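Colleague: Experimental structure and its sequence below.
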Amino acid sequence: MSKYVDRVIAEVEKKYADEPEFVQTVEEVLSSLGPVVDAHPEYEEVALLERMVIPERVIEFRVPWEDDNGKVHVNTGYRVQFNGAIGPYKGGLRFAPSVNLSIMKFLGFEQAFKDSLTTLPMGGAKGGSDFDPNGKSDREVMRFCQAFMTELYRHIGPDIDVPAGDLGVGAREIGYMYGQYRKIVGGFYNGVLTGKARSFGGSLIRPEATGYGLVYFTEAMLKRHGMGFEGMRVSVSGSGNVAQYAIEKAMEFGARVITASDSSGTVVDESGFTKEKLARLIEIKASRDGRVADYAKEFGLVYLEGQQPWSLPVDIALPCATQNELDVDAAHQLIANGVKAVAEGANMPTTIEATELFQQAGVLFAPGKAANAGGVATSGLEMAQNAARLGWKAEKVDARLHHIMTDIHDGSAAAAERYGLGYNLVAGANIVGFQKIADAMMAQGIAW
Amino acid sequence: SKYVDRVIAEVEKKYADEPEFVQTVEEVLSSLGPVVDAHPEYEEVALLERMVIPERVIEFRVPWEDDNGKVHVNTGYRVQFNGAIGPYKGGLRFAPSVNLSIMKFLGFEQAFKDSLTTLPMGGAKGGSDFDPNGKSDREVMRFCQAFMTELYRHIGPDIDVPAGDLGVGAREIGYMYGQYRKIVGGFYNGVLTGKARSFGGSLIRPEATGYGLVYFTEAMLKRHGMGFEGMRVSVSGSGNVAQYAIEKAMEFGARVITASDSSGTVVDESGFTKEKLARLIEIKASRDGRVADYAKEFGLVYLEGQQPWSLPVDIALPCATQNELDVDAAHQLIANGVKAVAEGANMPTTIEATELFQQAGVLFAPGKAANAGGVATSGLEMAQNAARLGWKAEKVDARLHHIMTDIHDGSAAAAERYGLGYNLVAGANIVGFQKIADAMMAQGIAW
Amino acid sequence: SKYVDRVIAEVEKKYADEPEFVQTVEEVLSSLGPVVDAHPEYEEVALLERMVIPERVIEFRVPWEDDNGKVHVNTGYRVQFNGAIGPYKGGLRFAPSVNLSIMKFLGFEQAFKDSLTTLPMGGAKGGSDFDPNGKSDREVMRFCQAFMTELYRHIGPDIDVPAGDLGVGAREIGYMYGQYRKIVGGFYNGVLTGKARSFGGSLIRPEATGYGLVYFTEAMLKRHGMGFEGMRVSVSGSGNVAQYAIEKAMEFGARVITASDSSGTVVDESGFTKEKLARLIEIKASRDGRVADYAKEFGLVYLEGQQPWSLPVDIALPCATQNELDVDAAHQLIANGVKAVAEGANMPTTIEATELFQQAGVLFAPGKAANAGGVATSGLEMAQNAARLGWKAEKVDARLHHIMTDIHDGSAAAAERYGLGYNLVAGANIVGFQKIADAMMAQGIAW
Amino acid sequence: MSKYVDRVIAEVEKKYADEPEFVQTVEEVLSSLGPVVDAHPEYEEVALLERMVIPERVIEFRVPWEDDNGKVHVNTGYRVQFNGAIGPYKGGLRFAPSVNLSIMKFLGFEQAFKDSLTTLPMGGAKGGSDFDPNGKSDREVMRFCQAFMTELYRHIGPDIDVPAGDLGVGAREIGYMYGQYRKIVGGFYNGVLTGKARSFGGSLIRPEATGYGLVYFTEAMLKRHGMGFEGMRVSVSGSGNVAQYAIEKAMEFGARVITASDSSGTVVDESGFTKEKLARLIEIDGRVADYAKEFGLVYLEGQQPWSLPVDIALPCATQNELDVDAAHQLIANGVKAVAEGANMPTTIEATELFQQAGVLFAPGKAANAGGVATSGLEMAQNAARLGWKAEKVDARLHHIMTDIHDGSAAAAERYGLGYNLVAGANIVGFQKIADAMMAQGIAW
């Protein structure tokens, strides 16, 4: 019951009042699951929701370290192992001074479901430190990592906990942490972390992953309704990681990607992007202050200061820039111009009010939580070193990523079709994400 | 073998209190006499004397609380019989009968069957004298939890992977894996097979034995130029084995014209169809759901207490129980011109009826090899958990198939090598023993 | 000390939502200003900034099952605060009010009582928001098991050694130990303290606090002329602390004249005898017999609804609860010229009572150091367990005596010293802190 | 070249004076990395080299044992865990009375680069004992092996360090060792070892591996240059493991192999080898001249096969078996490519002339790494946990050899050496290790 759901949300808001960021995330997540909790009288008989909201295991640890001048600092370290029903705990590490339990708990709670979402066996967890990488030297971050990892190693492993990057943790940090890991444990065990370099491998397709996968996912949404990217007008916002590779894949399915935006303006390319065009576009978005305004003028294209792409007549709309970048009166123009599909590349670009609108009437709509997910999936593909094999030549990793995206779509639809709907992919994606944990947790008994 | 004879005797005297074990030793060794004969090195390293003593046996007290808060006491068992070719493997059994003797005979056999499949599984059996009979879902949970609190230390993905058996299904697994993951603090889902899909169970698990039986007989058939296409098939039993034999049988072109419960046989002669079989599954899926109900619903014959061996068929797939096919049925099938019989249930044909199935030269597939798609796929489960991927239903099935054809090809036809003609029984049995003898020798005298 | 003030301030900001802990770092850190000033080295290696963050904090889920089948879930805590001078030590609290703030404040202070003892014990505190109140004998069991099923992987005789507190008694510790033994498969009975005699508990444990109190005040009393010999003593409470303070004072020729419960004080002008105590212990352990029945049975004086503080005496030992010897009552004592007050109970002296008590110049042994009987003999338990045999009461009692004495001495000794003359508060604080600081200085960064 | 390299080489010549073999290897390795170390000033900043030349971990241990007569002997065992950045420690074990730390360290050091050179995630290490298996009974090797593993088991494992075979150690000892390993650790964990019997984890194509890869590699080389084995006349020296299967694979690529040799002499079949001719030879006890008679084929005593005009030359016999004068005839006669099945069959003078034609040359370091690649394949199978058909292993071995070629050719290319396989083979071996040590920081 949402009687059940509502009452848990209550206790949490009281009990964890001083952990705000986590309280909203519990609320924002458990209130989508009403109907599903409804279908399953048995959940509350075994106190499922109550158990799900308390992490399995939480670790906090002192992290003393020394700067390049020999001053000794001390930060707190965190690894919240939220849920391990459907795999080893998985989730990134975040080194940022805001980092606290509440934040690690909310990130962790979410990671659980996004992990289940992928269909690969991955748990839910987050971790990090108030350590602030800002203006730290390499050596200093190296040493911070070493200390961090000196305590963390005992709680993780290829079969226990596989952490990754995030805010302030990248392949550089990952490699230092690993360096220390194997120094201590005494063997290879490269599965203990994802995000690694290709040398101790380290998966190909990882930078591609998130954007490649947005296109893969929407090709499937397009499949169920006898459409495809093939010769369709695609408009894209953003110009970072997702967008670069959104465009790349989009243009292998033979679409005509006509836009790319940044913080300032939008580029419009009637003929659509090509390999040479896009490549140069990257070179400029890697040379701050290289602006998309320059790409336009260098190539002789119309640019649009202060404007988003959404006023463009397109078949497919792919927002991969920022949150809330696509508002009610942007979907009004998009729909009016005959938008067929809209899919989320960034993190929650479409506003709630513009998701209604697209959803009824017409318009497909891929939710980012499922649609972006490529990166989250290929972390699971990095594990597949358990295979102890020469990564995969990238075609082999792309193929898998392609199939995986297809399945997150397939089962995301099936989830709704299941609980009285049909192509609400939003409720995808919620359910399925929760269903998999749920079922595992029911099967495993009253232990965790 | 005067050697084989001697071991058998020694075991008879030493384990007299262990009849089922003693029995399964003579029953198996007596068959390896030609093999042992050709390998005079075996006696030198006391091979047989080693193989019949299990590497390791663990027994343990299992205290638990029922729903009334009353304390009970059972006994857990895990007999890790032979770990030479893979990590110990074999199922768990909860039944009041259970003791060392039973645990050991199932375990010894497990070794050979696991070896047969050509996947790197060893051989072990386990369980408790706990009795799932009229215990609450929850009672069974507490017992599985108490069971695993001791057992976890002896088993593992690389060490000993148990599974389901009499008394133990995905419900019992799952409760067990859960207590296990809670104690060790890891995922390591490769510790158990027969799991639910959500934490690493395999697709094709439900359908494994059935399918595999069809894959195997097809292999037996196609080596005698025949096949399932357009052939008349009869199936006894209406459980999971029978269900998926039929599903595979018709996928191959076959026409399947029977099924049964301990109530009676049902005849269709237009053959089952996907649509037709789907309902039987539902009906026979509890409760009181009977075969006649399936027959009525489709206006098909229902032989009240008889079994399907009367009907003339090209191929016969017994999937009911032990001894369900004696000399009576044997002559009938031979008379009516049966081309092949193949066991999906546990040794369903009597020894006497394996006859002289010699006559008419009837193609014969022993359960030992033929009903082994379940155990072969537990390997496939083990392998997927190792890859930390899930394989599609297609993938798992394509490899269950390739396996089964191999269980046939080399496990029957050598045989052959030792000149027993075309004797799948003895020729796939030697194949099981050989892989273990091979590896044990290589590994010297430690175990 | 500015450094101590900067750390304090920084702490108030970062852990504002953790009041108890902020207040406790404040209380404790602001009394070592001198020590820190005598040691610039500490700031060079950020000793204070390190000491306030526990080395390792564990939270875990604890699902458990009601006597009638419904699932509850609580949260489990273990704060391993400091392990420089030994294995994490510190009890476990089971109480609905528990949280990290509380576990942190208790842990932090436990590092110091612990160090204070001179035994190799580090500091930690733990428990659950579980509430034992209204929970059956067998629900506590099932909970303890679920609790330990996680906790075991973080503790052990050489790592972290929990004990009791609020909601954790010999009962709860036995259940926890039981589960530990079953999970890890050995004895390792040094993993907990507060154990029953049968599996490694310690003789002298029940008497630890009250015996220790007496021992401590004696050393205090000698460095200032006198001793319990022939002195008049007032004790409050009828507990293990009370009873055994009376017991040990009598062995020092003292004349102990009071004892109380929630319903008043008993006055015995002739003093407690060894027979008189025995018969009071019998009673006050037998709900619902009370202090009164002890009086009416011996024709002693009974002051209903009041405390032994108006009673003229040389020596007052408050052994009941917190803030039980307050402001206006602190005067009577002083009026009647009490020479020395020593607290066996937990912070029974109001921050006013300790005006101060000198002012007056009256000897004062703060509970921090004086009631460390139990904390010390728990170290003795760990000890005997490691030795694999059980010391006689005489022997534990002896070791407890030299320890307490060593506690006084070091607390006065390096504790002056430093300036402040004979201040047993502060002293107790500086020696605690000192040992840890030295050990942590010796082993570098990190921890 | 560079001064950073010369310095370290000097430092090592000094400290490990009594470890001649080691020192030879280090100077022989670091000498050829001049351009790489030059192009990376970040190495020296964090003291690469100086680290790399010290083995991460070294284990030595007493190995007491009893012979068939009750006599206690006592030998010394070694496991040098040289480098572990790119995979778990990996390398064979040697049983020979010559064995010491100097040898172990040298073999181990090269091993780490041969492994990296392989693209598979395998580290570097060598191991063994001064035990001498000659004139020892089966049972004495078994009991020694057990004594050996009773100590060694604690330092290795599927994830940690995975030994294999070498001089003194074949499947027989690998089994005895694994036997004791599992008796002690009490799980399966095959993959602790390689060179196993197929019955408890071994791989198919293992016997084939070296020789196949030799052919796969050079055929990659040839494609890059618009050629292939198909149509060509090919000469082989030696007639053992590598020799045999080099001919089998070559034959399958449609090439006419027209020679075979041994410590004695050569056979000349200008009509070419056939599946069946290659069948007889193999002979054991009995030499090549015999197979020449049994087939009426022209035999030549004492002399090598290099005087025959061929399109490809495949030395698979010994060290320094291609001298200069030989290399001169070869070139004179039209040789288009030469490649090394053996260990260093070509001298630097003869390698020099070849690359100074005209002539495509595949360094044995890359070209004979078939068995090292397929031993990493065996680890992969054991992880999987299934066997792969002989055809599957081969397909994968085929691709890996091509990668080895591409990666090598690409590395010489990056550094402007423009298709010198010899130099690239040295560089990608160092490069991968270096990249990973750089990313893992200062810990090892």
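Modeller: Received it, and whenever you're ready, just let me know what you need. Numbering: from 1, shown residues only, chains lettered A, B, ... in the order given.

Colleague: what angle do whichever strand in chain A runs longest and strand C:56-65 make?
Modeller: Counting by DSSP state E, the longest strand found in chain A is strand A:72-83. Strand A:72-83 and strand C:56-65 meet at an angle of 20 degrees, taking axes from the mean of the first three to the mean of the last three CA atoms, to 10 degrees as the criterion.

Colleague: Can you name every helix or strand that strand A:72-83 contacts?
Modeller: On a contact count with 3 or more CB pairs under 8 Å, 6 or more residues apart in numbering or on different chains; DSSP states H and E, strand A:72-83 meets strand A:57-66, strand A:89-95, helix A:101-118, strand A:124-129, helix A:138-152, strand A:161-164, helix C:47-51. C-beta here means a position set from N, CA and C on the backbone, and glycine is covered the same way.

Colleague: Now those in TSV, please, with extra columns for distance to residue B:82.
Modeller: Compiled in TSV, the helices and strands packed on strand A:72-83 are given as follows (distance: least, CB to CB, whole Å):
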stretch	distance to residue B:82
strand A:57-66	37
strand A:89-95	35
helix A:101-118	38
strand A:124-129	39
helix A:138-152	40
strand A:161-164	34
helix C:47-51	55
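
Colleague: which of the ones you listed sits most buried?
Modeller: strand A:124-129 (a mean of 30; mean count of other CB atoms under 10 Å in any protein chain shown).

Colleague: Contact partners for the residue of the stretch 1-150 of chain A found nearest chain D?
Modeller: Closest residue of the stretch 1-150 of chain A to chain D, CB to the nearest CB: residue A:142 (4.8 Å). Residue A:142 makes contact with A:176, D:441, D:442, according to CB atoms under 8 Å, 6 or more residues apart in numbering or on different chains.

Colleague: mind listing what the longest strand of chain A pairs with, with the direction of each?
Modeller: Take DSSP bridges as the rule and strand A:72-83 pairs in its sheet with strand A:57-66 (antiparallel), strand A:124-129 (antiparallel).

Colleague: so what's residue A:216 closest to, chain neighbours aside?
Modeller: Spatially, and ignoring its direct neighbours in sequence, residue A:216 is nearest to residue A:405 (3.7 Å; CB to CB, 6 or more residues apart in numbering or on different chains).

Colleague: I'd say residue A:204 and residue A:196 touch.
Modeller: No: assessed by CB atoms under 8 Å, residue A:204 is found out of contact with residue A:196, at 11.8 Å.

Colleague: Tell me if I'm right that residue A:378 and residue A:207 touch.
Modeller: No: Residue A:378 is beyond contact range of residue A:207, at 9.7 Å (criterion: CB under 8 Å).

Colleague: Kindly report the residues of the stretch 1-150 of chain A close to chain B.
Modeller: A:57, A:84, A:85, A:86, A:87, A:88, A:119, A:120, A:121, A:123 (CB under 8 Å from any CB of the partner chain).

Colleague: Pull the contacting residues for the first one.
Modeller: Translated: residue A:57. Residue A:57 touches A:80, A:81, A:155, B:185, C:58, C:59, C:60, C:61, C:150, counting by CB under 8 Å, 6+ apart.

Colleague: Could you list everything it pairs with in the sheet?
Modeller: With DSSP bridges as the rule, residue A:57 is bridged to residue A:81, residue C:60.

Colleague: Now do the end-to-end distance for stretch A:126-142.
Modeller: 21 Å (CA to CA, to the nearest Å).

Colleague: With stretch A:154-167 instead?
Modeller: So stretch A:154-167: terminal residues 23 Å apart, CA to CA.

Colleague: Then stretch A:90-103?
Modeller: Note: stretch A:90-103 ends 16 Å apart using CA to CA.

Colleague: Same question for stretch A:424-438.
Modeller: 21 Å.

Colleague: How is chain A divided into domains?
Modeller: A:1-52+A:424-448, A:53-188, A:208-372 (curated CATH domains).

Colleague: ok now the last one, how far from the chain's centre?
Modeller: In this view, domain A:208-372 has its centroid 18 Å away from the chain centroid, taken as CA atoms, centre = their mean, to the nearest Å.

Colleague: cool, and stretch A:116-132?
Modeller: 10 Å.

Colleague: Spatially central residue for chain A, please.
Modeller: residue A:373 (4.8 Å; CA atoms, centre = their mean).

Colleague: and that residue, what is it in contact with?
Modeller: So, once contact is read as CB under 8 Å, 6+ apart, residue A:373 ends up touching A:114, A:117, A:118, A:210, A:213, A:217, A:405, A:408.

Colleague: so the third one touches residue A:376, yeah?
Modeller: Which is residue A:118. Yes: counting by CB under 8 Å, residue A:118 does reach residue A:376; the two are 5.7 Å apart.

Colleague: quick revisit: ok, the residue nearest to residue A:216 touching residue A:213?
Modeller: Yes: counting by CB under 8 Å, residue A:405 does reach residue A:213; the two are 4.9 Å apart.

Colleague: overlap in contacts of these two?
Modeller: In contact with both residue A:405 and residue A:213: A:373, A:374, A:377, using CB under 8 Å, 6+ apart.

Colleague: Show residues contacting stretch A:332-343.
Modeller: The contact list for stretch A:332-343, computed with CB under 8 Å, 6+ apart, reads A:214, A:217-218, A:221-222, A:227, A:232, A:310-319, A:331, A:350, A:357-358, A:362-366, A:368, A:371.

Colleague: cool, and stretch A:92-105?
Modeller: In contact with stretch A:92-105 (CB under 8 Å, 6+ apart) are residues A:16, A:18-22, A:55, A:58, A:60, A:78-80, A:82, A:107, A:111, A:126-133, A:144, A:163-169, A:173, A:177, A:195.

Colleague: Over to stretch A:416-430?
Modeller: By CB under 8 Å, 6+ apart, stretch A:416-430 touches A:29, A:32-33, A:35-36, A:39, A:113, A:117, A:221, A:224, A:355, A:359, A:364-367, A:369-370, A:408-409, A:412-413, A:415, A:431.

Colleague: cool, stretch A:262-271 as well?
Modeller: A:237-239, A:256-261, A:277, A:285, A:291-293, A:295-296, A:299, A:301-309, A:312, A:321.

Colleague: And that stretch, end to end?
Modeller: End-to-end distance for stretch A:262-271, by CA to CA: 20 Å.
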